[PDB]
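To start, the structure under review is shown below, and the notes come after it.
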Amino acid sequence: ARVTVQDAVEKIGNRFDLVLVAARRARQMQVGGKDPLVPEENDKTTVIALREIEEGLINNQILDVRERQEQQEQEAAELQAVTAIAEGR
Amino acid sequence: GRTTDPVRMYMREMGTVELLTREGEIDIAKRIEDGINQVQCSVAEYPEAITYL
Amino acid sequence: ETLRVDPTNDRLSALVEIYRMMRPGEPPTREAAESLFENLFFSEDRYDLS
Amino acid sequence: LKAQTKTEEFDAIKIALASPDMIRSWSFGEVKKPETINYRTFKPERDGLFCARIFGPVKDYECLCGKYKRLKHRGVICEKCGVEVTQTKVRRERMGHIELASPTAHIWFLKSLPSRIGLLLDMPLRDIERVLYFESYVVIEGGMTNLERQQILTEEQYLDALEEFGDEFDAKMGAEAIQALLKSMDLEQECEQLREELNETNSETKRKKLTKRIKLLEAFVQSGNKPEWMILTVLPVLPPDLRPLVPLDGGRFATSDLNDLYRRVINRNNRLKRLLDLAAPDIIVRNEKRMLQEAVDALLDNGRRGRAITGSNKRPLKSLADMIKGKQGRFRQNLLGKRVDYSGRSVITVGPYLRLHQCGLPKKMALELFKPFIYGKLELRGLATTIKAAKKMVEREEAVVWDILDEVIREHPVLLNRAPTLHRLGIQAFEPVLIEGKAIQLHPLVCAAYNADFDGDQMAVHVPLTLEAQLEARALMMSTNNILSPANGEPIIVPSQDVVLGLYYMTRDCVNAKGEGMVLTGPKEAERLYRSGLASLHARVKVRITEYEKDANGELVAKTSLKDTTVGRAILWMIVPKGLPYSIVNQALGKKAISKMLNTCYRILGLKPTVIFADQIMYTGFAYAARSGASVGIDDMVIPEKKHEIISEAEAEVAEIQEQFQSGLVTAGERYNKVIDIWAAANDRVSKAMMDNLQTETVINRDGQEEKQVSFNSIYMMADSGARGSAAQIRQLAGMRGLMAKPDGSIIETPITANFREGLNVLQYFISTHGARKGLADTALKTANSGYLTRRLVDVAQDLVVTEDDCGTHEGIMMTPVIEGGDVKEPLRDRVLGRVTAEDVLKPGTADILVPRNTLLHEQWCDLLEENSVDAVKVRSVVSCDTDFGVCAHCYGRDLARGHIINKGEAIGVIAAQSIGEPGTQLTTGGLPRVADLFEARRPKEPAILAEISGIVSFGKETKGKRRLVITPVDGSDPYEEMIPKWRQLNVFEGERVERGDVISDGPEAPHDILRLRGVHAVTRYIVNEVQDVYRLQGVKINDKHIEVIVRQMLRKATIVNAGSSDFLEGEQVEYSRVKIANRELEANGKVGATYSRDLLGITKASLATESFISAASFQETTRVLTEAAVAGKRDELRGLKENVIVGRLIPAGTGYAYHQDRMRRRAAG
Ligand SMILES: [Mg+2]
Ligand SMILES: [Zn+2]
Ligand SMILES: [Zn+2]
């Protein structure tokens, strides 16, 4: 349980964008794409994400960056597959 | 003048027309006979009206 | 003064204004005004204070 | 890129008049028959109101005839009877039409108050209706002969005129007439001519109407609407499932009233076509056309002609207008309410064991509510093969499911709500705790926020579903996250009754008790002294304590000392966290003090410590109150021994004055006042007797013979602590109760001498009864008035949301202590707290800036201002904000349940409206109606008048009903002369100079005057001060902020004086206007910039203007709004709260503010 969110609100100012970012990360966990950055107490992804905000290891900057990397990580694989589509010409 | 409620603008509009005398009915009916028979005769005077039949 | 504002003159006239008050827009008739007005408060049928 | 054709996520919406071809575009067939269903086989009769061919298949993916039954054949149109086999849902969608024989007026555009067909043609309504009913002929395009274009003629007149002029003259009658008029109309030419006529003639009467009409016309042209469309050639038919025939039990059928209407329309239409093909006489086909008009009108909007009645049933039939409007005043199903899944409710109980962040949720309720989650969690762990088996399991309530429920419940919050939701705290998020029982358990400290008694009130639960909803509930609606009323920074979590009687009983001191005078090492052995029965809970004792002060830099200093305190205070001190001084617990701990403890704790240690603090306070309050053995007996209520004597003497006075009235020394009324006064004085005396006796009468001995202190009597402790009871009610218990008043309000001169501790006899009780019934009536009424008021408030505010960050204007209002007539009816510190400074402020000496330009003034800043003598601070406000279409957070203030500055995107208009509204039940010209009068800016009954301009004035002319006042400015021209009725006693001196806005008479003044002759800051100050007078007289705490945003919404529109872009006298947005003149001051015209005049609009009036028409159709009269918008071709972009609520997407505020913003910038851009 997280009794108060104030610390997370300290880590990202808006407190609405807190709900948004925490939601995004929470979905990164819930749909099984990724794993927690901090020990799971049986806390649901909802609270795990907030704990991740409090530790300052998760916010909009970090998330955007990581996603931007993964784009190229998929581009790396599919490079040889999609360049084979030169039949377009 | 007009209360609306179209029952009224009808009731008043028809109520202007005067009731026919017993003779007037026969005058009008005679007029009917005149007109119709005119169109019938006009039909009888057309060659194609015959040939078609 | 009430009379000074009264639009009517004679019984029949008043009855006309009343019948045209209760059932407005339709042409008033003598028997109609009489029947209505007699039937409002004066008829054993349509009126009782008991 | 190809933009798109088919489905996207749409923006805005558009409304306008409908072409016959458009109505046809929607129509997938023409319903030619009144028939509905076949009467045995219930299949739809083809081309009828209910039809398979035109609308859709009766059952899913199945042809009507039955040929193609397979889910394969889909885009197939059946050869037998063409029906494309598709889901029956498309019968809820596809429209239809009817081609009418004679043209027909659309009753909305004929009968809308400003009749559209009427004022577009400059043709009076009654004339047009006289034309539609075939009661007269009207000219069209008269040419040059004898006749006006719009002129109306009678039978004989039309005949004569026709005999004179065969051609070059034209006249029609009926619907075809009006349609021909509208079609023939050239708007542009009228525009030119009207511009000219506007220019030539000088009269106010002429050019007012002239300009109004030209503006109307050009707007209609710019719309894209062609006038002809107000006359219906084609009538669209609504989809069958939206007006269903669906069967019932007993084999009976039930259907919408639209079927009767549509049926009538189709009938009379077909019969008219028939009467045309039969060459009927005019008098017949005319009657038929009229009847068709009536039928169509009744279908669209019923009640503007005859109010047709449904078959065999007296009650009038519901039309499409009534379908749109709804009922319960203005409610559109997003308004009155909407039923919602994943919810529940039940009776509520206490649950003191709960932490403030949780609530007891009944087992069965949790099972049913979380049922889908449970299904998924059951088969995720593999305890259930498939979802079916999962259902079977939870239905069997197998042992294993409860644990799974404990799994899905843990971090998943639930929303709890009560019946009268006023302020946002009406809904709060809690962590569910599984409980055996059917009752919901709700944390005691929250009971104040809900205004929830335990007498059988119910609460409703809602399960937040999506992840975003869980996190919203936890980071926003969470209980622990709102500890402070949004109206004022004071804690709403303040301990209520039992708890405060506990803490009060705990720290208090009697004269002599076990362990008196001794000394102890610390709170530990103090509590140990108490629990062992050696020392009494309350005794004067010195004990060593260790307190802390964070007063170092971010750091907690330690200091120890021997304090003179009691045992109870020592015990209680164990709870108080860290940096709080022992000073706070060393008092008697009343409700106010016990609240300020919490407040200080929050403004020092932060949130979490304050939370857990409040929790412990509750626990200890309950426990120790329980230990205390507080009770109430019949002997706990002490009547003054001197009561009967006071009664007797005061009863002697009445016989004195009675003797005088008998002898005639005094008049009857004067007598009345005298006796009433002596009895009132009597009641005061008895009250102030029983209060002394009840309060101080404990007389108790320490080592000597006697000493006396404040009473330990139960009822006194209860009344004194602030737990429950009050001097008035206690006065009603022991002392005599009041003097009653007849419904007239003439106060009875024989007061109730007896009290509740004694008996009341027959008469006394009967007289009390009226007071009771009027009490219940008045309160239950003021609830309704409160609701109505809040409603007007959110209607006028709503879409106002924090948008920009900082507009950065030095502008703001001067904040002084209220200082009324006595000493300080409210300090400076409260008024300026949490408010940003407009500019830097000074010590008595200078070049020393204490507070530096714009800075949130928190408790420390305000105390720093308090150390210095500063009486004056200029403060930025929401009313003065330079930002257009919203408020910048920098202007607003910090206020929220959190002490930090207001977030970007929080919707402030709503919370302001709520904050003003919720206390409204507690308000008693004065009063809540006075509040309403203020916000409606109503000119009072007997208003004063303020000097129009400064300078020496004198009196002129005579006695015409106004004796004119002539003002004489020093340098400027005199001619301002106002007509003052002389029958009103004046003030202004005939020989003295009077500043603009001085008192030329007495009585209250209309805020319009204050706005014009004094100005914006002056008027906002008047409103806020008067309404705050009303509230504060009742002991209601409301920050000036909310009232100031309401005020800002009131003055939103203003009228222009000068010119160079838009029209002269128009009332318009000062946002639009100011952004236009700020843009005009440079570039554009070098400066053409116009001058406006700020206007004051009442809240109910200002709510009328809203850009979005969907929004307006909600709370206003729907029928008018839809028409009025449709003629202008108004395009609603949403952009507001209400509209997005209706259309069902994310609110352009809060969490959604990130969405709507990101989309807002994408719009009007690349
Ligand atoms: Mg109650
Ligand atoms: Zn078929
Ligand atoms: Zn601002």
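All chain D residue numbers match Swiss-Prot; in order, they span 8-931, 1135-1376.
Looking at the header, which is where the method is noted, we find X-ray crystallography, 3.7 Å.
Every residue, even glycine, has its Cβ placed from backbone N, Cα and C.
Listed features, source Swiss-Prot:
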type	residues	note
BINDING	D:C70, D:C72, D:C85, D:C88	Zn(2+) 1 binding site
BINDING	D:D460, D:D462, D:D464	Mg(2+) binding site
BINDING	D:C814, D:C888, D:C895, D:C898	Zn(2+) 2 binding site
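Sitting within 8 Å of the Cβ centre of D:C70, D:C72, D:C85, D:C88, and not among those site residues for Zn(2+) 1, are the Cβ atoms of D:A59, D:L71, D:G73, D:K74, D:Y75, D:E86, D:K87, D:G89, D:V90. D:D462 (Mg(2+) binding site) sits 59 Å from D:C70 (Zn(2+) 1 binding site), taking the C-alpha atoms as the reference points. Neighbour counts were taken at the CB atom with a 10 A radius for the binding-site residues D:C72, D:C888; the maximum falls on D:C888.
Counting only same-chain residues six or more apart in sequence, the Cβ atoms lying under 8 angstroms from the Cβ of D:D460 (Mg(2+) binding site) belong to D:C454. In three-state terms derived from DSSP, D:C70 (Zn(2+) 1 binding site) belongs to neither a helical nor a strand segment and is classed as coil. Counting other Cβ atoms within 10 Å of each Cβ, the lowest count among the binding-site residues D:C88, D:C814, D:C895, D:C898 belongs to D:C88. Cα of D:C85 (Zn(2+) 1 binding site) to Cα of D:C895 (Zn(2+) 2 binding site): a span of 63 Å. Local packing around the Cβ, expressed as the count of other Cβ atoms within 10 angstroms, is greatest for D:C70 among the binding-site residues D:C70, D:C85. Apart from the site residues D:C814, D:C888, D:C895, D:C898, the chain places the Cβ of D:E811, D:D813, D:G815, D:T816, D:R883, D:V885, D:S887, D:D889, D:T890, D:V894, D:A896, D:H897, D:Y899 no farther than 8 Å from the centroid of the site's Cβ atoms, the recorded Zn(2+) 2 location. Between the C-alpha atoms of D:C72 (Zn(2+) 1 binding site) and D:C888 (Zn(2+) 2 binding site), the distance comes to 69 Å. For ligand 3, the neighbouring binding-site residues among D:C72, D:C85, D:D464, D:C814 are D:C814, by Cβ distance under 6 Å. Sequence-distant contacts (6 or more apart, same chain, Cβ under 8 Å) of D:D464 (Mg(2+) binding site) comprise D:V354, D:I355, D:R425, D:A426. Contact annotation for binding-site residues (D:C72, D:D460, D:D464, D:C814, D:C895, D:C898) versus ligand 2: D:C72, each with CB under 6 Å from a ligand atom. Close to ligand 1, meaning a Cβ under 6 Å from one of its atoms, are these of the binding-site residues D:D460, D:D462, D:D464, D:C888, D:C895, D:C898: D:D460, D:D462, D:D464. Secondary structure at D:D462 (Mg(2+) binding site), as computed by DSSP, is coil. Same-chain neighbours of the Mg(2+) site beyond D:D460, D:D462, D:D464, judged by a C-beta within 8 angstroms of the site's C-beta center, are, in sequence order, D:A459, D:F461, D:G463.
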